[PDB]
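For the sequence shown, position 183 (counting from the first letter as 1) is numbered 213 according to the authors' numbering, and the numbering increases by one without interruption. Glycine is no exception: its CB is placed at the ideal position from the N, C-alpha and C atoms. To start, the structure itself, in structure tokens.
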Amino acid sequence: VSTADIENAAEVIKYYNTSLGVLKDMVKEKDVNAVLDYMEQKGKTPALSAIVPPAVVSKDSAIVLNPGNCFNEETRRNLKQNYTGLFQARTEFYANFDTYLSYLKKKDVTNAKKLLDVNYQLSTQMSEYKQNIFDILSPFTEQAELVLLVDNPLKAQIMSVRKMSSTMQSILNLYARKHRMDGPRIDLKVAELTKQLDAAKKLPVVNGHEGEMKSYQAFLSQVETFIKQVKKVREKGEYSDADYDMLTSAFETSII
Numbered sequence: 031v032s033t034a035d036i037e038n039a040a041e042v043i044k045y046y047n048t049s050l051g052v053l054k055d056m057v058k059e060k061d062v063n064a065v066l067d068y069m070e071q072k073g074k075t076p077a078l079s080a081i082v083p084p085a086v087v088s089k090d091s092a093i094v095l096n097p098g099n100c101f102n103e104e105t106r107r108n109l110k111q112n113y114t115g116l117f118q119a120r121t122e123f124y125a126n127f128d129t130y131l132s133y134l135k136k137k138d139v140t141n142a143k144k145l146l147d148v149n150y151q152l153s154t155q156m157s158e159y160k161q162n163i164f165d166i167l168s169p170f171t172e173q174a175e176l177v178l179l180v181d182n183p184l185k186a187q188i189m190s191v192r193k194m195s196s197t198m199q200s201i202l203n204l205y206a207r208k209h210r211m212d213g214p215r216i217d218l219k220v221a222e223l224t225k226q227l228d229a230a231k232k233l234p235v236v237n238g239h240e241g242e243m244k245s246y247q248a249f250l251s252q253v254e255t256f257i258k259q260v261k262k263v264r265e266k267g268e269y270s271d272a273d274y275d276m277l278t279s280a281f282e283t284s285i286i
């Protein structure tokens, strides 16, 4: 591991961290759910008390649209394509909301319903582009970690926490798709999480890191609790915010 390797690896992780924040901001799943819920309700009643969450201005678009040469050209292309597609779908989704309200003002329920249906599809697309970006990055961030943790006696444990935390967040982001739940996809990701947890459970005790070992095994126990909760929620027939918040809370406690 040279200084060039280290810089490269840092740049990869930098881009991931910026991406995590940007995608959190650009697809706020509960806000998107809220927009769609208001659209549905406004077609039934005036829904006079509602204030739908406004679309925040894009931050760090200069960074995410310009992935560096720490990624290969194909990767750079695919990242740019997915971000570009995301920003376009999001623009449309929010433009369409305004137009929808104007069709309703004109009593044009027929055209309003069609624009609602288009927005359900744009919501799914936004979420797909977001997950696509994480999926693209995953192999490269794993390589970057190996460089940065090369001399760290807890590299395997550290990497397992980072990997499983990403998988839990991916499951949360799917679960939040209230209007178009992909049950089998959630099950697939729970099976990935389970494989990660099985791998983690094989790791040895590292001598002289008594606190870190305790911390790590508490995390593993919480991951197992999370897996079991997601399975129980998957036996139910509809999304609920209570279930989402239970799961997100289970996640947050694991990373404390």
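For secondary structure counted as the alpha helix (DSSP H) over 4 or more consecutive residues, the stretch 254–285 holds these complete runs in sequence order: 271–284. One alpha carbon belongs to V139, the other to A280, and they sit about 41 angstroms apart. By a beta-carbon distance limit of 8 angstroms, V263 does not contact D275. Their separation comes to about 11 angstroms. From the listed residues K185, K144, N149, the smallest Cα separation to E122 is found for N149.
For the pair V31 and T154, the Cα-to-Cα distance works out to about 41 angstroms. Distance from the Cα of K89 is smallest, within the candidate group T278, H209, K143, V52, for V52. With the rule of 3 Cβ pairs closer than 8 angstroms, the stretch 124–133 does not count as touching the stretch 93–100. Within a 10 Å sphere around the beta-carbon of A80 sit fewer than 16 other beta-carbons, which makes this residue exposed. The closest CA to that of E282, considering only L218, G241, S195, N237, is found on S195. Put simply, of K208, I188, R215 the residue whose alpha carbon is nearest the alpha carbon of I201 is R215. In the DSSP annotation of this structure, the continuous segment of the alpha helix (DSSP H) that includes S196 starts and ends at 185–205. A residue is called buried when at least 16 other Cβ atoms come within 10 angstroms of its Cβ; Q71 does not meet this threshold and is exposed.
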